[PDB]
C-alpha cells in the first residue's frame, strides 16, 4: 500500500513526488505517456523563479532549485534551453507594418533571477529521473480506467488489469484528468471570462524579429526582442516566439511558436489544416510573415478548441485535484507554472502532516482549495483584461505597467520572507506569506488590489460595450499619473516609457525612494 498515488509525470507530479519521496513516504507515479515527451509552458517569470527557490530550500530538494536559474538549467538539466532577458510586446494590424510607438518591453531585473525558455521534454525528464532516484515507483503508458475511494484509502484500476492501492491520490495531470472526469469535478459551463483556442508547434529556422523590423534607432528596445519571449499582439489574440537558440553556442536550434485566438471572434476553419490556419494569420502581418519566412515545423501541429476550464471542488477526503488538473487560463504571462509552484508549496507540508497523523479531514486542506480557486480567478482577470486591451494600445499600456510593476514588489515580498528563513534557519517567515488577505493575487497589497480592481471594472465595461477603450485608457492613465507606488525610478508611473529597463543604478534609487515612503508596505518590501 503506497502513501500517495500521483496521476501525471509532468513537473507538477514529479516535483511533488520528489518532495514526498525525499521525506521517506512511499509514492507511485502513473502517466498515460512516456518520457521523453513534448510539453508546453516554456517561458518562466520571476515569481516561478523565487517560489522554485522557496520550495527547494523549504522541502530540501536541490533539483527543484536548478529550474530557478538559466545558468543552473544549462549546468544540471540540459544545454537545450533558451534565455529570457525580457517580455516583448509588438502590436500589429492587418496589412500594416508595426507602429514602433505601439510596443512594450519589461526587462526582468536580476533581483528575481535569470529567467529561461524551458525545453520541457528535458526539464520534465530531469525531474522524473530525480523523483525515481528519491524512491518513487512509476508506471508509464498507464491508462486509469477507475478510481475508487473508501475509509482505508483509494484503489486505482488500470486498462492492463493491474490495480494500485494508496492512502491518498493527487491528480497532477491536465485537461483529461481522470479524477476530474470520474468524480464530475469540472464546472460546465466554466465560470471563467477569458476565451481563447490555440494552434502551436516547434519550428527550425525562425529569425529574430529584431532583424525584420524598420525601427528608428531611438525606439529600438534596450535589449533585443529575440533575447526574450516576443508577443505579437492583434485584435483579440497574440502569437508567441520562444527561441531555444537565443544565446551564443546554443545547442537547440528549435523555436516554440503558437497563436492564441478568441474563438468567439475567430471561428473554427475545419476546411483548413492546422498549419494552413496558422499561416493564414501570419499572412495578416508583414513583419511576422518576414520573421517566419524560412521557418519549418518539426512537429505534428496541435489545434485546440476553447482551452479554458475550471472545477467546483479541488480537494476531498484522501484526494487533491492539483493546478493543471483543476483549471487553465492561457499561456500569456506563463502563469501556469507559477500557480503549480504556489499549490505544491501549500499542499506538500499539509499532506505530509495528514499522512503522519493518519487524519485526512478535508478541513486541513480548505486553504489549498481557496488558493487553487483564487489563483485561477486572478489569472482569469489578468488575461481577460489583456485580450480586451489588445483592441487599443493606450488601454494595454495601463494593463502592462499594472501587471509588470507587481513582478518587482511581489517578487521581493517572497525573497524577503526566504532570506529571513535562510539567515535565521526558521520556517516561520516563509509560512507568513500564506497569512495574506487575497489568495492567488501575485502582489497581495491593498493599494495594488484596489488598482487592479479598477482596471478589471473598466476592461469588463469596455467588453460589455458600457464604455469605449479610449475612455477606459483616459481614466487608467490618470490613475497611473496620480499613483505614488508604481516604482517611479523604473518608469512604471510614466505611460510615455514603453521599455521598462531595470539597471543596477535604478534599483539603488528604488531602495532610496522606498526608504522614506509613506506606505508601510513600500518601506517593509523595497527599502
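Residue numbers count along the first chain shown, from 1.
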Which is higher in the entry, the mean Cα B factor of 135-143 or that of 399-407?
399-407
Quick check on the record: does 431-439 or 366-374 carry the larger mean Cα temperature factor?
431-439
One of 185, 295, 112, 230 has the largest Cα B-factor in the entry, namely 112
Check the PDB entry and point out which of 259, 254, 154, 108 has the largest C-alpha temperature factor.
108
Ranking the modelled residues of this chain by C-alpha B-factor as given in the entry, is residue 36 in the lowest, middle or highest third?
lowest
Of the three thirds of the chain ranked by Cα temperature factor, residue 17 occupies the lowest
C-alpha B factor of residue 10, ranked within the chain: lowest, middle or highest third?
lowest
Residue 124 by Cα B-factor - lowest, middle or highest third of the modelled chain
lowest
For residue 163, the third of its chain by CA B-factor is the middle
